[PDB]
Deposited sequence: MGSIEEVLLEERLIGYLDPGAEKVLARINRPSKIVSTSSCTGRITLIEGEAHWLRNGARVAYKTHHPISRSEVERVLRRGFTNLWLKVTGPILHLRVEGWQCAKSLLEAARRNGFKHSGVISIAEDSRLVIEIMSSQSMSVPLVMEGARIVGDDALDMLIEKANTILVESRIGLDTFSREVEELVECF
């Protein structure tokens, strides 16, 4: 399901739900002391050692290897649908989900965010802090999280189509 097109179709099926933006999950290499806000490199696919080595060769003073699961933003009509949606999200791995604002047209703006993630410093203060054996395990871990975090998005989309209140 490239781009999660099938998942998004299911999520958009309900008349009271409309997705405005989505991210299927990604692996990024972020430069700087803080990774929570830029992006030296990003990919929505499992990352290779070569891709990581290319960024390490760029000589950033501080570099993070970060993987984040899917995150969705929706416009929902009514609290009854939003309620069922948030409960569904939390059951499928999106622990971090809630209403963030209310649009001028009164629709609820909801954010569905995956609980799966990893934010690991690869380089700190100009010093690479991960040896080769470690880097391979971290790369394998980032890829595992990326792939597995999408499963919950799929099951969630399955659940959403069934939400009667929506």
Extract from the deposited sequence all ranges with no corresponding C-alpha coordinates, numbering residues from 1. 1-17, 55-58, 188
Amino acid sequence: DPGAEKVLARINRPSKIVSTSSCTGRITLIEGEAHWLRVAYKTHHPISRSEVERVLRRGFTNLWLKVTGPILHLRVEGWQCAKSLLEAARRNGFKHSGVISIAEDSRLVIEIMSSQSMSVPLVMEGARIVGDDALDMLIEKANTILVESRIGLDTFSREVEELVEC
From here on, numbers count along this sequence of modelled residues.
So 51-59 or 102-110, which one's hotter by mean CA B-factor in the entry? 102-110
Mean CA temperature factor from the deposited coordinates, higher in 139-147 or in 16-24? 16-24
Tell me, please, which of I129, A40, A134, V67 has the highest C-alpha B factor according to the deposited entry? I129
Among modelled residues of the same chain, the CA temperature factor third for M124: middle
What third of its chain, lowest, middle or highest, does the C-alpha temperature factor of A34 fall into? highest
